[PDB]
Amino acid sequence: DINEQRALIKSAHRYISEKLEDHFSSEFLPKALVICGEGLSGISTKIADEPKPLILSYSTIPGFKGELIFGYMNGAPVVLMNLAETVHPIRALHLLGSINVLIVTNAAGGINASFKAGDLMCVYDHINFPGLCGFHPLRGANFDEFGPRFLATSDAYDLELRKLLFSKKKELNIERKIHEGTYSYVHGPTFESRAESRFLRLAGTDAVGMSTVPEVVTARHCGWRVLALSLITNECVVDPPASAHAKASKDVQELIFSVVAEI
């Protein structure tokens, strides 16, 4: 089972390595992988027209099940992504020997009382609720060539990358609020109850969603640095029920566009 998993990752890398060589005149060794969140696929527009970026549909990459975009962004070579199957790409791209940072954005509901729709949250910690229970990207035989059997997550979110994100906001004069908080991963509907939202808040949750965390864990297992940004799309209602008696994408675009330059 892991053997077929291994070959599918090698097959996917073999394909991507070949197309890169055939496409780019210079050896394209991307320093970053950018996971464009829900409604943040415009980031591909900030890719440079010269050299001509390479676009690979997932349909043509072995093992994959969406497109991969290999180009330059503010001068830096990057990859764009527009449970072991959702993290098969990170392992495949890792075999290029060049990526050392994952930048992942997402939409997230606000659980911290001080958050409002439109605010941003720079993720500096997470709660992987399915991972605690048995829905884990690392469950099963360990990929020894990639990382250790037991991986620490208390160092998941690189401090220097977050300090860089905040400097690029002040430089870009972006007024939008950006917080620093914990992101809770639930495999549960945004249709969370008010009691569920309340439990999450007291559980130590600042923003909540259904993404990012499995990719963060897989990247950290591969040794990459991780920078994670959340767009607070709504404020989760946490009050008890009645008793019977589109602009922020631009800011996220420019913030990343600046950050990738100094990676």
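Numbering starts at 1 and follows the sequence shown.
S.K.: For the step residue 182 to residue 183, what size class fits the number of deposited residues with no coordinates, none, 1 to 3, 4 to 9, or 10 or more?
M.R.: The entry has no gap there; residue 182 and residue 183 are joined directly.
S.K.: Using what the record says, work out whether there is a hole in the model between residue 65 and residue 66 and how many deposited residues it spans (none, 1 to 3, 4 to 9, 10 or more).
M.R.: Missing residues, residue 65 to residue 66: 4 to 9.
S.K.: For the higher mean C-alpha B factor in the entry, choose 55-63 or 35-43.
M.R.: Comparing 55-63 with 35-43, the higher average CA B-factor belongs to 35-43.
S.K.: Mean C-alpha B factor from the entry: is it higher for 73-81 or for 145-153?
M.R.: The stretch with the larger average C-alpha B-factor is 73-81.
S.K.: Per the entry, which of 134, 97, 89, 188 tops the list for Cα B factor?
M.R.: Comparing C-alpha B-factors across 134, 97, 89, 188, the maximum falls on 188.
S.K.: Quick one: which of 50, 215, 196, 206 shows the highest Cα temperature factor in the PDB entry?
M.R.: In this record, 50 carries the highest C-alpha B-factor of the candidates.
S.K.: Going by the recorded CA B-factors, say which third of the chain residue 126 sits in, lowest, middle or highest.
M.R.: As the PDB entry reports it, the C-alpha B-factor of residue 126 lands in the lowest third of its chain.
S.K.: Name the third of the chain's ranked CA B-factors that contains residue 245, choosing lowest, middle or highest.
M.R.: Middle third, going by the recorded CA B-factors of the chain.
S.K.: Consider only the C-alpha atoms of the modelled residues in this chain, order them by B-factor as the entry records it, and name the third containing residue 140: lowest, middle or highest.
M.R.: It belongs to the lowest third of the chain when residues are ordered by C-alpha B-factor.
S.K.: By its CA B factor, does residue 102 count among the lowest, middle or highest third of the modelled residues in the chain?
M.R.: For residue 102, the deposited C-alpha B-factor lands in the lowest third.
S.K.: Taking the values exactly as deposited, rank residue 234 by C-alpha B-factor within its chain and report the matching third: lowest, middle or highest.
M.R.: CA B-factor rank for residue 234: highest third.
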